[PDB]
């Protein structure tokens, strides 16, 4: 494997998780009314998950010999996903579409890393697989709320418990 | 009391609880959308309760000298209640009607056992009373969601905790 | 059974528990001095018990098709027991007599309900029996402090834990 | 400060909390249907909070030299807020308006006490501030459910935990 | 009911539990070898249960107006069951027969009390029923170890937890 | 990968776990006597494990676009393993052989799924690996009890804790 | 050391603890009134301690090659202390004197065993010392309640916790 | 504010708490007899509170640039309150008067500090307010035991838990 | 008070806490060697504290009628403190100076808010005071590590527990 | 005492515990079949105990001025007990004899140390006594499984809890 | 033994522990800088230990018939050890020497008491031995920090847990 | 795969972990002084980890049909890594170099096993990966203490918790 190529893929993924933590705070506060009361807890659970993903990725970057960029504005411009802006018409349906779009991009990011490290870098592969578990969970959540397709999941116990990536956390 | 007559009433009740555990799994996964998100947790709580009822009934059957049928298909054909099939038009209202119908049949089953053992079999009477407590709870839940009649109950703390039958469980 | 007659008996019992919670607060604060320090903890335990009894009775009233009165003053006038007023001479002996009188009336109230529902309404009978357990406990407490007759009970661990009615509480 | 004037302000506030505990029980049981299932847990959380506020106010009244009125009907007539009666047309919107009206009156009551004791009675000021924290929370809850204005709060963990007034509770 | 007749039945039952606690200590220590290692834990569980039964019966005797005999030797001579002496040939089979004989006598004792108090003394009936639950458990344990008849029970979690009589214990 | 082919392999595996839960209940109750007391706890641990495996498989089936069959009898006929019937001569040796045969079939089922999804479906591969961990454990348990070959395992702490599949459970 | 002489000293001590458990139950129930409410908790703590002492002594007797007597009446006649009978005039002062007399005899019993085994039997010496710790505690409790001599101890946290002999208990 | 003047007020307060911890140990051990058994637990609770107050004050003194005196005898001579000596006639009434006198002096000390720092030193004001909460509690305790004036407080759960100053403790 | 002026002061403070969370991650990873091992835990504790401060400020901004800026880069440019860049010569002394400079700016920010809201906005004042408690703690930590001036504090128990602002957190 | 002579006795004892940890692992894995299932848990408990004994002895050796040998093979040759090899015919009886022989040698080792340090080295004597408690326990376990002599002990709660030496462990 | 001579030895030891608690507070706050950060936690652990030793000694003094001196200044002048003053040049090396000197004096004090009570006063001997365990621990800590001699101990879990004297504490 | 070749690779790895547990005990006790106090806790954490690795490897060896060597000296001679002897000049730098050398050899051992079993033995591959996670952690710890290269890790919570291999432990 090319370590430099792998390092630039991991830093871009970490930037996406960091900005997602900020934008999901705005989306949660605008899901108001009787209909929005249901989805407030689901958004909160997803937002705390992505903060934990940022925590897990940083130590692996430094083990491989990389470093974070000096200035925070340069870090935000390196995100592999588009910003989840608040829609111009902030209705429940338009908020749900923005969340679904962000989740499908995250699934593609971590699928690409697994293909690159399969059978070559055992520790990096295992960490990417653990995060991919929780991203697929979030994608099924929102597609069931927007369309009618069954997903097989219901409410968690406590937001941000992250059962797949806990062994990587301090 | 006729022990043979009492034994056949208890085995039929145990079959109904066992099949209810399977059918409620299908019903939970099809309660989708924004409206269905509310009732997913209530269905899950009821499904875990009926699994515990099956656990409590089996030891009493063997104390009285009975046994379960050899083949599982013969056991399913002995259920005292009709199968809770998924409706042809799976809307929220049609799912709620199926759940309400199943609950009212369960209340009748355990009311009949209490009349049979009143003042004659103290241990069998106490177990039937404990299960009847939780069945009346579930019936009031669904009738309040379907009609507008007040019931007096709200969300539990943890699904399947079964506060009335715990002393019978291991 | 006559459901209307049973409903009016349960609403009157709930009113007695609600007013008892208010009056026992006054009685506790006036048991002063070295002698009163002993009985302060016993009064506190009894007061928290009766609050739990009010919590358990309300859901059963709504299951049977009843409702609470609109105005709170009309609810207070329906109590099946006399008000436990602070005596004109507030000594330790006179406070103890008021407490004993209130407890014996509560025992009579729940004994009457059990006779009415014996072998006819299994769920209502079980709830009335659970509360009657704790009322008999309180009656023995005060009669031993006032007279010299042994009772067989000593200090609880934590006030208001209510070991007989917990399975009815949320 | 005039102690007599301060005492009459605290007793009136305690009466409002005591009657609010009764009336919110009726309002919770009438929030039925699919829409009402969402708001049942919020009403329950608010009702348990106001019971704790009554518990905290009573000891301070006796420290300052006051006492509760002898008869419970006279206590109910001293409440500083109007009774939260069940509306004639009990729909979800009409129930929400009654709850919002009660909360705004409570905020005004405790704001007035803080102005009176600022820099003169440190212990009374601190207790009034703690209750005012939770009243402002409840007001933002209901105004977001009725209108569309964002509030910044979502579901609590356990009803009645009261994180601001716990240090005053036993 | 005749209170004097009921009191003498309860005192005799309490004597049997007290002596059973002593004799089961001897039986446990003589179940040696590879075969006896299995049954040591079952005997220990039963011995701790009967100590709890003695604890529960004493307060009810004093509530009804009775008292324990002055001298401990007179108390031991009032037991309603025969002494569980260590057999002359202390083999595993002979120890098991002694245990089975003691359990069947206990079941008969508490069945008789329930018939006497059915529908007349609600509190005494409930306590007798709770102990009868655990005695029937112990009887099924030993008959399955001696004969081959299935019983439906296996190892408990912690000896002496007594899940049916806990609400009567301090 | 062919999603339709993968879906039919997962549904057949889920049917085997569901029927295993029923048949192991019969086998546990017939392991009587002094010799059978040892193996009762091991059978109980295995039975609770397979119930958890059914819980983990169902959500993944719905994520991939599958569904459970409508009728429960059709579900039972799809099991990938033969029914673990009670032997005609129910001795300890014959019960042990039936258990060993069922375990070796389960190991083959999940080994086949891992080969199919290796390096192509990361989430499905990880779930199949987790269940395969516990199946290999159970196989070593029974082969050591039947033959004399050492296995390296001894008693668990609490039955059904399932340390390998917990992160997939709710 | 003479093992036979040591064995007869340990069996007599175990008999005293066993009978003390019975007699203290009677003494606790007769400490009535306002004055007796204080000492009820102290008697309860001492009674549970002596039950634990009986539990600790029995295993050591069997290690040294002794056994308990066959019949329970012969065991009671071997106690090294006189029976703590209820006084003819059961006042608080007369009950306190009986308790003090029993405690001073227990201190003498275990002091004698320590002198016999000092520097010869390390395990027997350590067990006798542990029990002597708690007996000296109880003696100081009662002498301070009867006379005015300060003792240095106040209320325990939970009765029967036995902090000195716990490491000998199961 | 004058920092030097504020520093000398805080050091004198810390000396009073340190000496109070020593003198209350003597007072607790001399509250003997049946009457003194009640007040032993209250004195113990107050003594542990004042030890915590000393712990909280020391870090703030060093933040502001002060230091403790070199020799411990000079520290004891700086206390702002008089020593709580054991009275010449150590009866329960005379001990209670000494405790009441010490508490009223402590209330005056911390009231003076709050007036000095109001609106000028936010952190010092908050710490002084927290300690003043618990001193007012202790004053009401003793005045109710000595006179008959109601106070509104009863027994704590665990001595020295200090619910108002915990956030300042390590 | 001017609500618009207060809102712009709170948003700027929230931006400083958000960027501090990013920059302290870089500073912690560069405190290497034997000397840096000591200060790694202190930096980690401070970094988790400032994340909690961001969590507490956001709900109050929305209660007052404000909102966060749309784009994350605009939010970062509004911080009231300068960026804590990694020094060009990353030695232990130069890292310590950067940390000390950031802490003194935070103390000034929250002191200014308290002066603005004193006696006018009770809820905003209390929240600002709670954060100011922990900022003064951090300032004393670093000044003692850089200079020799005593501070009065030592190691916490668990990083990020935040004992002063917990009641504001979910 | 001769410190050099005491040091060589403690190092030899530590070597025996270290090698016992290795050899008991082999013995546990070869106790197969239905008979061996009983004794697997007892061997596991003893093996974890001896690991804790090695942990406790090492700090005391360094306090007295000793050190461990440089090479691990020289350490193994200093053991005061013979190696517990797997018998040539590995049956249950032959394994039990090897375990019994090892335990009796350990009892002799620690009895010798206590005689040497009695009344001269209080800290070394106390540590040797604590380990001797658990060795006598293990000796009674195996002699009861091999012969029929009663021992007075049954199954522990959790292996390796070591209730006598815990205060010496970290 | 001479009780008067033993009493004066115990009172002098209690005075040393009480003054040590004050002086160690000053020493902890002056161990500043990067080097002092390591030893702050060790000093804190030792200071909390000596407070517990004072708690354990006081009850034994009153059991033997002694009392504390009336005035606190007379108590401080009776200490058996010299005051641990802050050195004129407060460097890390000079602080360490003061701590080491205080610890060696404490070891001598409790060694002397054990020689006096060996085989004559079992309860006093056991308490002196327990404290001597922890004093020897502290002595080894400081001698390893000052010189290079290995000690065998490392960081505790929680300061002031005192594992050897806990059974003497309330 | 060749099972014989795989078995000899696993036995050699288990020998290295067993000897590492002994040698790290010597290294920890010689890291003295002010500088060594920092690294004592890190060495302790690593030593407890390697003991857990030995526990996990032994059961897998017996599942595959292998066994441990008869004599412990032959087991020690099979280690795949060189002995970590104490250096002739035991300074902090020389101890750190020995630890770093041992860790890099362990990383190579488990990397080799993963390459051998990739896609052929799923259970053996997963266990080797779990241990490789923790070995890479330890390698980064020591290289950051010796050189200045950042690693990204700081202090654990409790030594020997082993978050990656726990699911393999009992």
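Note that the chains are named A, B, C, D, E, F, G, H, I, J, K and L in the order they appear, and that numbering of residues resets to 1 at the start of each chain.
Keep in mind that, in the parts below, contacts are C-beta pairs under 8 Å (C-beta built on N, C-alpha and C of every residue); 3 or more make two chains touch, one makes a residue touch a chain.
For reference, the UniProt names are A, B, C, D, E, F, G, H, I, J, K, L = DNA protection during starvation protein.
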Quiz prompt | Graph distance between subunit D and subunit J, where chains that touch are linked | solution = 3
Quiz item: More C-beta pairs touching across which pair, A-D or C-D?
Solution: C-D
Exercise. Report the chain pair from A-B, B-C or A-D that duplicates the F-L interface, where duplication means over half of the contact pairs agree by residue number.
Key: B-C
Quiz item: Upon optimal superposition of subunit F on subunit L over Cα atoms, what rotation angle is obtained, reported to the nearest 5 degrees?
Solution: 120
Self-check item: Centre-to-centre distance between subunit K and subunit I (centres being mean Cα positions), rounded to whole Å
Solution: 40
Practice problem: Could you give the separation in Å between the centres of subunit F and subunit K, each centre being the mean of its C-alpha atoms? | Solution: 60
Quiz item: Whole-Å distance, subunit J centre to subunit K centre, using C-alpha means?
Solution: 34
Quiz prompt | Centre-of-Cα separation between subunit K and subunit E, whole angstrom | solution = 53
Quiz prompt | Shared-contact residues (touching 2 or more other chains) in subunit K | solution = 29, 38, 58, 62, 67, 150-152, 154
Quiz item: What pattern do the touching chains form: line, ring, star, complete or other?
Solution: other
Quiz prompt | subunit C - residues contacting subunit B, complex | solution = 58-63, 67, 119, 122-123, 126, 166-168, 170
Exercise. State the interface residues of subunit K toward subunit J in the complex, per the touch definition above.
Key: 114, 118, 129, 132-133, 136, 140, 150-154, 156-157, 163-164
Self-check item: Contact set on subunit E toward subunit F in their complex
Solution: 35, 38-39, 92, 144-145, 148-152, 154-155
Self-check item: subunit E partner contacts - residues on subunit F that touch it in the complex
Solution: 28-30, 32-34, 37-38, 40-41, 44
Practice problem: Over in the complex, which subunit A residues touch subunit I? Could you list them? | Solution: 18-19, 22-23, 25-26, 29, 58, 62, 68, 70-73, 75-76, 83, 85-86
